[PDB]
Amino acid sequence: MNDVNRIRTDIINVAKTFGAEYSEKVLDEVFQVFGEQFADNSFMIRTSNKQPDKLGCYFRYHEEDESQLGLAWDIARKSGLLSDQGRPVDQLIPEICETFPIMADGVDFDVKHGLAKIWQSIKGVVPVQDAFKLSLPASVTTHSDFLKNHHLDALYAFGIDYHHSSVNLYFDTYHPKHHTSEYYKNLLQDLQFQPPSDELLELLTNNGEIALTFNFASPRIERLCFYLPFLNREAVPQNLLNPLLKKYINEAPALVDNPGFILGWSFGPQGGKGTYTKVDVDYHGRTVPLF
C-alpha cells in the first residue's frame, strides 16, 4: 500500500507535467478497486500525442497469473467501473473467454474518463478465422482475405475498447516478410494510411507486436498500431518523438533507475485521424525483458 500510494502520485504528476486532463474523483474510484493489482503486476504508464501541445495519459496492467485470470473483468463489473451498457462490445469478453484458453488479463484506464479497454491473450496462436464465430465487427470477416494476404492471420490477443466501441486484434509476426521494411511500406500503402518515415521502417523489422483496430461503425479498418520494446532511455529513437514525448522519456516515473519503454506507432487513413505515437514506461522494470 506504500507501493499503491506512490503509483497514484506518479500518475497524477505525469498528467500534470504533460498537460493531460486528469480527474481526481475518477482516479480515486479506479485505485480503490484496482490499486493492489497495479502493485503486484506488470504495469505501464502511457503518454501519447493525439493532440498538439497536450500529451495524453493512460495506464494499464496485465495479469499473467493463471490462478487469477478473469478476476479483472469481475472486479470491473462489481465495482460498477465497467457497466454493461449494451454497446456491441459488451458481449465480447464473455465470448472470448468462453471460446479460447486465456493466458493473460489486463485493463487500460484513461486518466480523465476511467476504465477504457480490457485485453485477453490466447494460450497459443490461432487462425483469425476461429474468431469469426464471435461478435466482432463485420469488417473483420469482410477483411479476412486482406488479413490472409498480408499474413495478419495468426491471432493471439483481443483488446476491447468500450470508450470507442472498437476491437483491436493482435497478430503474430510469423512470416519472413514481417522482418522486412518493404512489408510495412506495402501494408500501409495498401491500407491507404499515412506513409511511415524511412527511420520507422528501418526499426519495424525488429520483432514487435502488430494490432489492427476494427470498428462497429465503419466497414473499414480504422487504425493500426506497431509496438516495439526498448531496453532503456538510450535505445529509444528520440528523433521520432516530438519535444514533449522526448521529455516524457527522460522524466518517466518508474521503480528502477533506467526503465524500459514500449513505443507504439498508430497509423490511420491518410490525412485523417489515427497517426500518433505512444510511449509506455515499464514501471516495475520487468515487462520489457519479456521476449
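Sequential numbering from 1, following the sequence displayed. Take the two forms, superpose them, and find the largest set of C-alpha atoms that agree within 1.5 Å; that set is the rigid core.
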item: Rigid core superposition result in 4 other deposited structures of this protein, more deviant of 202-210, 81-89 by Cα; value: 202-210
item: Stretch with the higher entry mean CA B-factor, where the candidates are 78-86 and 173-181; value: 78-86
item: Average Cα temperature factor in the PDB entry - higher stretch of 194-202, 113-121; value: 113-121
item: Deposited CA B-factor, highest of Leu69, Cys225, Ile262, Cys57; value: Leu69
item: Third of the chain, ranked by Cα B-factor, where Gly268 sits; value: lowest
item: Among modelled residues of the same chain, the CA temperature factor third for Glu24; value: highest
item: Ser135 - Cα temperature factor, lowest/middle/highest third of chain; value: middle
item: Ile96, C-alpha B-factor rank within chain (lowest, middle or highest third); value: middle
item: CA B-factor ranking of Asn215, expressed as a third of its chain; value: middle
